[PDB]
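Q: Supplied in structure tokens, the structure appears directly below.
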Amino acid sequence: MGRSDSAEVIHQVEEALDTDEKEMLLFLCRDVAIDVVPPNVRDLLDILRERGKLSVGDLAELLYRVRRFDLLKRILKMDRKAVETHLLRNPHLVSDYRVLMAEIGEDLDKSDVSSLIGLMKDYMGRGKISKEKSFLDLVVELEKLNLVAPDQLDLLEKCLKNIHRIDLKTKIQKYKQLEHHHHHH
């Protein structure tokens with residue numbers, strides 16, 4: 001009741017996403033929802049729609065991060081160039097803090113993840129860190145150590161710079177630059 005046909009669209013994307021990709025959805029919507037969603041991930045999009053915070057464009061952005069060009073053309077009928085135009089204005093449904101982290105992990109390869117860890121041990125001092133854990137996992141892991149903050153990353157930029165990833169460093173600057181303005185002195 002009130003599920004509308006939009007429920008089906010939501011259901012189709014959940015099935016299409018891999019068990020590995022669905023993790024990104026929770027992470028990205030983690031800020032929006034305190035993981036209040038039951039064990040089933042399908043329910044995650046259900047609560048977003050109810051909140052009315054689920055934008056058609058937002059789904060396209062979410063599909064892009066998981067590197068799914070086929071899904072964009074299948075569900076939202078959006079081509080790859082559409083993503084650049086969409087991101088041209090740099091619009092974000094939720095704080096770019098979560099999206100930035102997901103995007104950064106996407107750009108980094110498996111090899112880079114292992115390399116990034118070596119740098120982390122030097123400052124972490126051999127904390128809870130394993131090569132098995134993905135980049136996304138590493139982001140939340142640092143939160144526990146409070147080595148990074150929403151308005152202060154610093155460490156992230158340094159480690160990425162060492163990996164000779166200037167492009168990633170540039171994206172972080174945009175986030176920090178757009179972190180504050182008239183909102184608070």
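Chains: A, B, ... in order of the structure tokens. Residues: from 1 per chain. Ligands: from 1, in order shown.
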From the DSSP assignment of the backbone, select every residue of chain A that is helix (DSSP H, G or I), and format the answer as JSON, numbers by chain.
A: {"A": [6, 7, 8, 9, 10, 11, 12, 13, 14, 15, 16, 22, 23, 24, 25, 26, 27, 28, 42, 43, 44, 45, 46, 47, 48, 49, 50, 51, 56, 57, 58, 59, 60, 61, 62, 63, 64, 65, 69, 70, 71, 72, 73, 74, 75, 76, 80, 81, 82, 83, 84, 85, 86, 87, 88, 96, 97, 98, 99, 100, 101, 102, 103, 104, 105, 106, 107, 110, 111, 112, 113, 114, 115, 116, 117, 118, 119, 120, 121, 122, 123, 124, 135, 136, 137, 138, 139, 140, 141, 142, 143, 144, 145, 155, 156, 157, 158, 159, 160, 161, 162, 166, 167, 168, 169, 170, 171, 172, 173, 174, 175, 176, 177]}
Q: For residue 165 in chain A, find every residue with an atom within 10 Å (counting only C-alpha atoms), except residues of its own chain fewer than 6 positions away, and show them as a ChimeraX atom specification.
A: /A:107-108,112,157-159
Q: Give me the residues within 12 Å of range 79-84 of chain A as a ChimeraX atom specification, counting only C-alpha atoms and dropping any in the same chain fewer than 4 places off.
A: /A:57-65,67-75,88-91
Q: Go ahead and write the residues just picked, C-alpha atoms, as a PDB file, in the first residue's frame.
A:
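In the end it all went to part.pdb:
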```
ATOM      1  CA  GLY A  57      19.531  11.204  -9.717  1.00  0.00           C
ATOM      2  CA  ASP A  58      20.936   9.933  -6.410  1.00  0.00           C
ATOM      3  CA  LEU A  59      20.532   6.316  -7.511  1.00  0.00           C
ATOM      4  CA  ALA A  60      22.585   7.065 -10.619  1.00  0.00           C
ATOM      5  CA  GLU A  61      25.369   8.416  -8.437  1.00  0.00           C
ATOM      6  CA  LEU A  62      25.175   5.327  -6.228  1.00  0.00           C
ATOM      7  CA  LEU A  63      25.319   3.003  -9.243  1.00  0.00           C
ATOM      8  CA  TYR A  64      28.363   4.849 -10.623  1.00  0.00           C
ATOM      9  CA  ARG A  65      30.483   4.381  -7.460  1.00  0.00           C
ATOM     10  CA  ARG A  67      31.411   0.944 -11.257  1.00  0.00           C
ATOM     11  CA  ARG A  68      28.173  -0.296 -12.858  1.00  0.00           C
ATOM     12  CA  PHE A  69      27.788   1.369 -16.258  1.00  0.00           C
ATOM     13  CA  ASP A  70      25.405  -1.356 -17.463  1.00  0.00           C
ATOM     14  CA  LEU A  71      22.970  -0.746 -14.603  1.00  0.00           C
ATOM     15  CA  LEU A  72      22.807   2.982 -15.315  1.00  0.00           C
ATOM     16  CA  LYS A  73      21.810   2.261 -18.901  1.00  0.00           C
ATOM     17  CA  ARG A  74      19.441  -0.486 -17.737  1.00  0.00           C
ATOM     18  CA  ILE A  75      17.629   1.039 -14.735  1.00  0.00           C
ATOM     19  CA  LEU A  88      29.741  18.430 -13.356  1.00  0.00           C
ATOM     20  CA  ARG A  89      27.640  20.504 -10.953  1.00  0.00           C
ATOM     21  CA  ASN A  90      28.953  18.241  -8.200  1.00  0.00           C
ATOM     22  CA  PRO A  91      25.496  17.637  -6.585  1.00  0.00           C
TER      23      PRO A  91
END
```
Q: Go through A:66, A:41, A:49, A:127 and flag the residue nearest residue 142 in chain A, using only C-alpha atoms for the distances.
A: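 Checking each of A:66, A:41, A:49, A:127 against residue 142 in chain A, counting only C-alpha atoms, the winner is A:127.
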Q: Fewer than 6 positions away in the same chain doesn't count, so skip those; otherwise give me all residues within 8 Å of residue 113 in chain A, counting only C-alpha atoms, as a VMD selection string.
A: chain A and resid 131 134 to 135
Q: Write out, as an mmCIF file, in the first residue's frame, the residues just selected, with N, CA and C atoms.
A:
```
data_model
loop_
_atom_site.group_PDB
_atom_site.id
_atom_site.type_symbol
_atom_site.label_atom_id
_atom_site.label_comp_id
_atom_site.auth_asym_id
_atom_site.auth_seq_id
_atom_site.Cartn_x
_atom_site.Cartn_y
_atom_site.Cartn_z
ATOM 1 N N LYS A 131 45.325 -7.007 5.420
ATOM 2 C CA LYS A 131 45.257 -6.883 3.966
ATOM 3 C C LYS A 131 43.916 -7.395 3.447
ATOM 4 N N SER A 134 38.971 -4.440 2.977
ATOM 5 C CA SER A 134 38.929 -3.577 1.800
ATOM 6 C C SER A 134 39.163 -2.122 2.188
ATOM 7 N N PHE A 135 39.343 -1.269 1.187
ATOM 8 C CA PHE A 135 39.571 0.149 1.436
ATOM 9 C C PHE A 135 38.416 0.741 2.234
#
```
Q: Pick from A:105, A:118, A:2, A:150: nearest to residue 138 in chain A, with only C-alpha atoms counted?
A: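 Ranked by minimum distance to residue 138 in chain A, first place goes to A:105.
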Q: Listing only residues of range 124-156 of chain A within 12 Å of range 178-184 of chain A, what is the closest atom pair and its distance in Å (to one decimal) for each, using only C-alpha atoms, sorted by chain and residue number ascending, as JSON lines?
A:
```
{"residue": "A:149", "atom": "CA", "partner": "A:179", "partner_atom": "CA", "distance": 11.6}
{"residue": "A:150", "atom": "CA", "partner": "A:179", "partner_atom": "CA", "distance": 8.4}
{"residue": "A:151", "atom": "CA", "partner": "A:179", "partner_atom": "CA", "distance": 6.5}
{"residue": "A:152", "atom": "CA", "partner": "A:179", "partner_atom": "CA", "distance": 9.6}
{"residue": "A:153", "atom": "CA", "partner": "A:179", "partner_atom": "CA", "distance": 11.5}
```
